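Numbering (UniProt numbering), first residue to last: 5 to 232. Heads up, the beta-carbon is just placed ideally off N, CA and C, and yes, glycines get one too. Have a look at the structure below before the remarks.
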């Protein structure tokens, strides 16, 4: 069962992700304007660029994909908790609901955090320094910005489930808070890895690596509270 449930439930997750990506397709234009909103109001001078002669569709597909992954998040979380919880660690069926709902609300919190906090601060470290506006008025690509935003929101959306999963592991006695405290530097490496992947440059990389390390020191605290 331990082998098969992984496969099955993951297939269900891919199904929900695909269907969710399908539903988000038609609304991807409105979502595109919503995503273009922060850079528009915060920096009216900056104008977007379509890059290669025609690629309007790639952005549509990427947006529909990411948003589709976000829509499928309750289902994916459900399958995840259903894969872990019932087998070993807890054996409490009443503790399933606030755990799932909590993880969902924290996923949403991660999204909103990425969009409303990290994003306008990310633009501040890039286009937001001094008189440099000379060097981008109509200078900016759409794909760069949009992919950056999507990857940022999805990343921080997932990474906000760190304190939960880690609290569960530390409560179950799987991972000791000490083992996490000794792993801090390697998690710095991980943070700069994620940052290197999603963020275009060093500035934004280190910028979003900060809350990642922040959420890591939250988990070690919840571990001390799990043991005591």
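For residue 53, list the residues DSSP reports as bridge partners. 145
Pair within 8 Å by beta-carbon distance, residue 163 and residue 219: yes
Out of 87, 48, 95 and 157, point me to the one whose CA is closest to residue 212's CA. 157
Please confirm whether residue 161 and residue 199 have their CB atoms less than 8 Å apart. no
Following a CB-centred definition, is residue 185 positioned closer than 7 Å to any heavy atom of the ligand MG? This structure does not include the ligand MG; it has no bound ligands of any sort.
Throw me the rounded Cβ distance for the residue 148 and residue 223 pair, which I believe falls under 8 Å. Contact doesn't hold; Cβ gap of about 32 Å is too wide.
Please report the distance separating the alpha-carbon of residue 205 from that of residue 134. 18 Å
Am I right that residue 131 and residue 52 are in contact with their C-beta atoms under 8 Å? What's the rounded C-beta distance? Wrong, their Cβ atoms sit about 12 Å apart, outside the cutoff.
Residue 208, DSSP secondary structure in three states: helix
Environment of residue 30 [buried if 16+ CB atoms lie within 10 Å]: exposed
Please state whether the Cβ-Cβ distance between residue 9 and residue 87 is less than 8 Å. yes
Residue 218 by DSSP, collapsed to three states: which one? helix
Spatial neighbours of residue 3 within its chain, please: C-beta separation below 6 Å, excluding the five flanking residues on both sides. There is simply no residue 3 to check, as the chain begins at 5 and stops at 232 in what is shown.
On the three-pair Cβ rule with 8 Å, is the stretch 29-44 touching the stretch 65-73? yes
For residue 84 and residue 20, the rounded distance between their alpha carbons: 13 Å
Between the CA atoms of residue 203 and residue 44 - distance to the nearest angstrom: 20 Å
Out of curiosity, what's the CA-to-CA distance linking residue 216 and residue 94? 27 Å
Contact check, residue 54 vs residue 146, beta carbons under 8 Å: yes
For residue 42, the three-state DSSP class (helix, strand or coil): helix
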